[PDB]
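*Asks:* Can you look at this? It's an experimental structure, sequence on top.
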Amino acid sequence: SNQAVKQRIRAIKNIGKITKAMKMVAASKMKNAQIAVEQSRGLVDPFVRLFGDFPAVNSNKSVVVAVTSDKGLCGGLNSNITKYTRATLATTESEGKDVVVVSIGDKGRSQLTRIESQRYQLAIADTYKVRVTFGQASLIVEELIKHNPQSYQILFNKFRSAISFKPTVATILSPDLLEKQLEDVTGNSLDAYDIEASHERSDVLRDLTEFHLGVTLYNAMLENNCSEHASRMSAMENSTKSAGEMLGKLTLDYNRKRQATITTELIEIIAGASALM
Amino acid sequence: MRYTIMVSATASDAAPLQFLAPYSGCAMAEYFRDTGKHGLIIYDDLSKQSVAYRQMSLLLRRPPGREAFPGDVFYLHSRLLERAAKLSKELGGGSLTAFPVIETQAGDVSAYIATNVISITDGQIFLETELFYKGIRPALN
C-alpha cells in the first residue's frame, strides 16, 4: 500500500505542472488578444450614440444571443452569463414575447438547453479556433437576419481587466420595426441628421442596424474570448494551489508511511532474530 | 511560585527519571486532592515521557509496537491521568485538574501517543501551527 500513495504523488505533481502551464498559456493568450479588444472597442460606441441604448423594449420578436466559450476550463464563465441570460430573458418578458435563443460557443448549447430549450434555435461553435474576424461575425450576424426580430439581445462578458468581467447586454433594434419608434420624441431625434444615402431613410437604417449587429457581435465574441483567457488564468491558478495543497498533504502522508514501513520491516527482523537467539 | 511545585526531569536526565517524573509530580499534587484542596498539574511533553518509557522498554528487550512503543504505553498514560479526578463529598471534595501536553509532528493527530491521550483525556486544546504563523495567538483550533 506504499506504491498506491506514491503513484498519487505521480499524478498530482504533473497535474500541478499541467495546470501551471495552462495558467500562462491563458496568460499569454490574454495579452495578445488584448491588442485586438481595445482596437475593436472603437467601432461600438458611434452606434450607441446614434441609436442610443434601449434594453427594456417590448418588442414583438427578439433574438437573444448568449456567446460562450468553446473549451471549458473557464471557471464558471459560461454559466454566469447563462444565469444572466434568464435574468435578461425574464425582465424583458412582459407581454408574451417571441424569443429565439442563440448560443455562440460549444459551451452554450449544453447549458442553455437546461434553462430554456423550446425557444432555442441556433448554435454557433468552433469560432475561436483560428481567430475572430469581422467577416466571420458578419456571417454569424447574417444568419440572424434570416429570422426577423424587432430586437437583438447580446449576452457577453466585458473584459475590463484580468480580474473583473462584468456581463453585458447590448441591444440592437430592427430599423423601422422598432428602432425609429423609440427615437420618436415630439417629432424625432433621428430627424436631426441629413441622410446622404442613395435610397430612403427606411433602407439606409436597414443597412445600418445589420452593421450595428455585426459590430456588436464582433466585439462580443472578442471581449468574451479575452474574458475567457483571464478566467482560465484565475481558474488554473486556483488549481495549482489545490494541487499543491493536495500534494502537501500527500507527502506528509507518504513520509508517515515511509517511517512506518521502516519501523515495521525492522521489528520483523528483530523478532526473527530474537526467536533464534 | 508560592502555590507551585516544579518537578523537573530534563533532557540530560536518565529515561527512568523522566518516566517517573509525572508520577512523582502527580503524587505531590494528590496531596491537595486528598485533603480537600484543589490541584492543577501540567505534564509538559507527555510525548517525551513516552519516548523515555520507550527507551526503557527497548533496553529491557520488550517487543517493537505500532511506532516501536511498548504496547503498555497506553497504560503508562491512562493510569497517570486517571488520578486527576474530582472527589466526592465523603472524600473531602478535592480535585486535581490535569493538562497533559502532547507534541505533534506536522499536525498529524492520528499518531499513536496523540490518539492514546485523546482517548484518555476529557477534551483537547488544539493549537494550529498555521494560526500561530498568522499571529493569532493563542492559536486555538
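*Replies:* That came in fine, so what should we check first? Numbering: from 1, shown residues only, chains lettered A, B, ... in the order given.

*Asks:* To which secondary structure element is the residue in the stretch 151-277 of chain A that chain B sits nearest to assigned?
*Replies:* Nearest residue of the stretch 151-277 of chain A to chain B: residue A:267, at 4.5 Å (C-beta to the nearest C-beta). For every residue, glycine as well, the C-beta is placed using N, CA and C. Residue A:267 belongs to helix A:238-274 when elements are defined using DSSP states H and E.

*Asks:* coming back round to it: so what's the residue of the stretch 151-277 of chain A closest to chain B closest to, chain neighbours aside?
*Replies:* Ranked by C-beta to C-beta, 6 or more residues apart in numbering or on different chains and with sequence neighbours excluded, the top spatial neighbour of residue A:267 is residue B:64, at 4.5 Å.

*Asks:* related to what we said a few turns ago, and the residue of the stretch 151-277 of chain A closest to chain B, how many neighbours does it have?
*Replies:* By the other C-beta atoms under 10 Å in any protein chain shown criterion, the neighbourhood of residue A:267 contains 15 residues.

*Asks:* correct me, but it touches residue B:66?
*Replies:* No: counting by C-beta atoms under 8 Å, no contact exists between residue A:267 and residue B:66, whose distance comes to 9.6 Å.

*Asks:* SS state for the closest residue in space to residue A:121 that isn't next to it in sequence?
*Replies:* In space, residue A:121 comes closest to residue A:100 once its chain neighbours are excluded; the distance is 4.7 Å by C-beta to C-beta, 6+ apart. Of the three states, residue A:100 takes strand according to DSSP: H, G, I helix; E, B strand; the rest coil.

*Asks:* and the residue nearest to residue B:129 when sequence neighbours are not counted, what does it touch?
*Replies:* Setting aside the residues directly before and after it, residue B:129 is nearest to residue B:107 in space (C-beta to C-beta, 6+ apart), at 6.4 Å. Each residue near residue B:107 by C-beta atoms under 8 Å, 6 or more residues apart in numbering or on different chains is listed here: A:252, B:128, B:129.

*Asks:* So the second one versus residue A:252, what's the distance?
*Replies:* Applying C-beta to C-beta, to the nearest Å, the value for residue B:128 to residue A:252 is 15 Å.

*Asks:* Please report phi then psi for residue 125.
*Replies:* Chain wasn't specified; assuming chain A. Its backbone dihedrals place residue A:125 at phi -140, psi -180, with angles given as degrees, to the nearest 10.

*Asks:* actually chain B
*Replies:* Here residue B:125 shows phi and psi, under degrees, to the nearest 10, equal to phi -120, psi 100.

*Asks:* thought it was touching residue B:140?
*Replies:* Yes: counting by C-beta under 8 Å, residue B:125 does reach residue B:140; the two are 6.6 Å apart.

*Asks:* Could you give the number of residues near residue 40?
*Replies:* As the question left the chain open, I've gone with chain A. If you count neighbours by other C-beta under 10 Å, residue A:40 ends up with 18.

*Asks:* that's the wrong chain, I wanted chain B
*Replies:* Residue B:40 has 14 neighbours, counted by other C-beta under 10 Å.

*Asks:* Assign the closest residue to chain A within chain B to helix, strand or coil.
*Replies:* Here chain B gets closest to chain A at one residue, residue B:64, 4.5 Å apart by C-beta to the nearest C-beta. The three-state label for residue B:64, taken from three-state DSSP, comes out as coil.
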